[PDB]
Amino acid sequence: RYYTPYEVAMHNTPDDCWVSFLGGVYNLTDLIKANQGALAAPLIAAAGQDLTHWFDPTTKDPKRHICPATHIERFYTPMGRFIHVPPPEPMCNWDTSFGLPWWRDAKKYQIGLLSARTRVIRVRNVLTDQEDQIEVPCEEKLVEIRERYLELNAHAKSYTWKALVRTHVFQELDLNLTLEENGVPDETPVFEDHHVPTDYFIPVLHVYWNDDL
Amino acid sequence: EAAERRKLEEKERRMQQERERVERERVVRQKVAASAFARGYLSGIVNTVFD
Amino acid sequence: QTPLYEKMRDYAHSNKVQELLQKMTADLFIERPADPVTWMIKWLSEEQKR
Amino acid sequence: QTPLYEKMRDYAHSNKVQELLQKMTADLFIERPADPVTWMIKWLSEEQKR
Amino acid sequence: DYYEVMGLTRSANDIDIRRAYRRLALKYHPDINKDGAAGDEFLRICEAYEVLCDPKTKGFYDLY
Amino acid sequence: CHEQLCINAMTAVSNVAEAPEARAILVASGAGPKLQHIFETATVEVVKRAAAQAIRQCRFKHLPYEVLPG
């Protein structure tokens, strides 16, 4: 699935910690639970934050540099030493028996996948007039847009969707095609580039009722 | 008349869901921002008290 | 970085106290009592009951 | 946005709450109790007199 | 923070900051946005862009 | 022909076609052209109204209800 940045922000506590980095959303809760010391501070303090600036794209490990004091290459950790980072000097307590760093152990600490962009859909329930703005990832199939909208109407499954596809006529939308395939384009970049407010026009999704019993 | 009754029932239920959603939305919107500010300010507090 | 300072940092950054502080300060900045000394007392009393 | 944060920043960066919280945290780190919540209840109780 | 007020993330580029400030300071300018909760918002937008549009100040802020 | 039987069947079809799946069966069993002929060639007003209602009832999938045929 996918997550908007705000959705990642909802979990910021040592009890439920989510971090987004390099396009991936990670639930580091069991880490903080199993490693509770001064090591866990720099990422507790960035719970629910975006952690991509720590790392580099070419390799999945954090950035490295030549340490000015010892002149030995090691991770650049201005924030502090996060879990799975070796101490600068030869110690007697940092074991290397553990398998993989948490930024490499995707299978055990990654859930979902961070959205690279988000858009505003204005959903309108045609039977009982109830407008509603909402933010959804700009790359998602209508099934999960319906899943997002299920918090607005608990009976949205029975309803049928419709969009102003192109002249322009309100036509049906296939569920498995994303908002861009179905003909609902995104124009916020053009809005910005042309000095038009990003809340001036919003694409609209009509939601009619399908009688059932 | 049965069709009209069903339509009116659904209208009413959607109207009620709107209000309940509004209340819960307000609660969660305030809670998340409170948690974020608590994070930042408590980090500052701990640093200063340590110093 | 004497052993006391390190022990204090380990206690300060522990899970229990830090999450409790974060929760309390979030609630307190929600309610915003003009007398936090008593509001903290009632809030902690109700928390301890669980 | 600025309004929600400002309403909390103005509250939290005011003297009463901040220099209550700092002293409470200082004494909490000094004492090092097993369960912080009842200790904070106590500390606030015998600080309410002052 | 100086970042969240612009809406950007900690890894924003230079063009990213240009675009963010563009839209946020054409949405909240007093002559365009008549009134509302747009008094502090514009001032923090200006301060954040001024801090983050110069590499020396930007880096000094980033480390502290 | 057999006029009362025809109108009773028409009302039964109109009642059943309110169900979600039933429509697909009725259009499958050719109720469409049958009801269209019944509506087209008849002159008794009550059965004509039953036919218009049945046709509109069999081709609807959204809550906004199209104008009754004729």
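Structure determination for this entry is recorded as cryo-EM, at 3.2 Å resolution.

Peer 1: Can you explain the overall build of chain B? Please cite residues and give values.
Peer 2: Secondary structure summary: chain B contains one helix and zero strands in total. The C-alpha radius of gyration computed for chain B amounts to 22 Å, which surpasses the reference 10 Å derived for 51 residues by more than 25%, pointing to a less compact arrangement than a globule. With 51 residues in all, chain B has 27% of them scored as buried. Looking at chain B as shown, the accessible area adds up to about 3400 Å², and 49% of this sits on carbon and sulfur atoms. In chain B, 13 side chains carry a positive charge and 10 a negative one; their mean positions are 2 Å apart.

Peer 1: Which residues make up the interface of chain D and chain B, and what values do they have?
Peer 2: At the junction of the two partners, chain D supplies 13 residues and chain B supplies ten residues. Overall, the association of chain D and chain B removes approximately 930 Å² of surface from exposure, summing both partners, and the carbon and sulfur fraction of that is 86%. It is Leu4, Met8 and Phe29 of chain D in chain D that bury the most area against chain B; as a group they hold 41% of the surface buried on that side. Counting every contact that joins chain D to chain B gives zero salt bridges. Across the chain D-chain B interface, the total number found is zero residue pairs in polar contact. Those elements that place two or more of their residues in the side of chain D that touches chain B are α1 (2–12) and α2 (15–31) of chain D.

Peer 1: Tell me about unusual backbone geometry, and name the residues and values.
Peer 2: Residue and element names in this part refer to chain C. One non-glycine residue with positive phi stands out, namely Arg32, at about 60°. Tracing the backbone through its elements, the reader meets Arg32 in the loop between α2 (15–31) and α3 (36–48). For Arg32, a relative accessible area of 30% gives the class partly exposed.

Peer 1: Describe the interface of chain D and chain C, and please don't skip the residues or the numbers.
Peer 2: One frequently used descriptor of interface size is the decrease in accessible area upon assembly of the parts. Counting residues at the interface gives 25 residues for chain D, matched by 23 residues for chain C. In total, chain D and chain C occlude about 2200 Å² of area from one another, counting both sides; carbon and sulfur atoms represent 80% of this. Where chain D touches chain C, the interface holds zero salt bridges. Linking chain D with chain C are four residue pairs in polar contact.

Peer 1: Mind laying out the relation of the copies chain D and chain C, listing which residues take part and the relevant values?
Peer 2: For these two chains of identical sequence, chain D goes onto chain C by a turn of 179° and a shift of 0.1 Å along the axis, with RMSD 0.9 Å. Interpreted geometrically, this transformation is the action of a two-fold axis. Closest approach to the rotation axis among the C-alpha atoms of chain D is made by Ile41 of chain D, whose C-alpha sits 2.8 Å away. In this assembly the copies share their binding face: 92% of the residues contributing to the interface of chain D also contribute to that of chain C.

Peer 1: Would you mind going over the sheet that holds strand β6 (residues 130–137) of chain A in detail, with residue names and values included?
Peer 2: Residues and elements named next belong to chain A. Spatial ordering of the open sheet is given by β6-β5-β9-β7-β8, a layout of five strands whose pairing is mixed. Among the strands making up the open sheet, the edge pair consists of β6 and β8 (169–171). Strand after strand, the sheet turns through a mean of 30° between neighbouring axes, direction not considered. As paired elements, strand β5 (residues 118–125) and strand β9 (residues 204–208) share four bridges and run parallel to each other. Looking at β9, one finds that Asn125 is bridged to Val207.

Peer 1: Can you tell me about the arrangement of the chains, naming the residues and giving the values?
Peer 2: Most contacts, among the nine pairs of chains that meet, fall between chains C and D. With no contact formed, the shortest span from any C-alpha in chain A to any C-alpha in chain D equals 13 Å. Looking at chain E next to chain F, you find no contact at all, with the nearest C-alpha pair sitting 39 Å apart.

Peer 1: Lay out the environment of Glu187 of chain A with the relevant residues and their values.
Peer 2: By secondary structure assignment, the location of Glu187 of chain A is in the loop between β8 and α6 (188–193). Sequence-wise, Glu187 of chain A and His206 of chain A are 19 residues apart; in three dimensions their C-alpha atoms are separated by 19 Å.

Peer 1: Which residues make up the packing of aromatic side chains, and what values go with them?
Peer 2: Applying the stated rule across the entire model yields 27 aromatic pairs over all chains. Their ring planes at 15° and their centres at 6.5 Å tell us that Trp39 of chain D and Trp43 of chain D sit as a pair that is stacked. On the criterion of helical spacing, the pair formed by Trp39 of chain D and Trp43 of chain D is a turn pair, its members being four residues apart in helix α3 (residues 36–48). In this structure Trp39 of chain D comes out as buried when scored by relative accessible area, which is 8%. Exposure remark for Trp43 of chain D: the relative accessible area of 17% places this residue in the buried category. Relative to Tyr64 of chain E, the ring of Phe60 of chain E has its centre 5.5 Å away and its plane inclined at 75°; by these criteria the two rings are edge-to-face. The same class applies to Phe60 of chain E as to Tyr64 of chain E, namely exposed. Linked through ring pairs, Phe21, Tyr26, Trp54, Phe55, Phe75, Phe82, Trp102 and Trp103 of chain A together constitute an aromatic cluster.

Peer 1: I'd love a proper account of the side chain of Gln57 of chain F, names of residues and values included.
Peer 2: Tracing the backbone through its elements, the reader meets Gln57 of chain F in helix α4 (residues 45–58). Discounting residues that sit within four places of it in the chain, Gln57 of chain F has contacts with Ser14, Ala17, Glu18, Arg23 and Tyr65 of chain F.

Peer 1: Account for the nonpolar core, naming residues and giving values.
Peer 2: Judged by nonpolar contacts, the single largest core of 38 residues is most densely connected at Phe29, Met40 and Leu44 of chain C together with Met24 and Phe29 of chain D. Put simply, the parts of the chain that give this core at least two residues each are α1 (2–50) of chain B, α1 (3–12), α2 and α3 of chain C together with α1, α2 and α3 of chain D. At eight residues, the largest contribution of residues to this core is made by α1 of chain B. Within the second largest apolar cluster, 22 residues are counted, among which are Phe21, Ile44, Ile83 and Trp103 of chain A.

Cut-offs used in this document
- Residues numbered from 1 in each chain as written, not as in the entry; some residues may be left out.
- Chains lettered and ligands numbered in written order.
- Part of a larger assembly, values for the part shown.
- Heavy atoms only, no water.
- Helix = DSSP H or I, 4+ residues; strand = E, 2+ residues; numbered from the N terminus.
- Rg over C-alpha atoms; globule rule 2.2 N^0.38 Å.
- Buried < 20%, exposed > 50% of the residue type's maximum accessible area, 1.4 Å probe, protein only.
- Areas by Shrake-Rupley, 256 points an atom, 1.4 Å probe, with all protein chains shown as cover.
- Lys, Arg positive; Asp, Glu negative; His and termini not counted.
- Charge placed at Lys NZ, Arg CZ, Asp CG, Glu CD.
- Contact = heavy atoms within 4.5 Å.
- Buried area = accessible area lost by both parts, 1.4 Å probe.
- Salt bridge = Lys/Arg side-chain N within 4 Å of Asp/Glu carboxyl O.
- Polar contact = N/O pair within 3.5 Å; in protein donor to acceptor, adjacent residues only side chain to side chain.
- Least-squares fit on C-alpha atoms.
- Pairing = 2+ DSSP bridges.
- Axes fitted to C-alpha atoms, helices over the stretch in contact; angles between N-to-C directions.
- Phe/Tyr/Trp six-rings, centres within 6.5 Å; stacked < 30°, edge-to-face > 60°.
- Core = buried A, V, L, I, M, F, W, Y, C linked by side-chain atoms within 4.5 Å.

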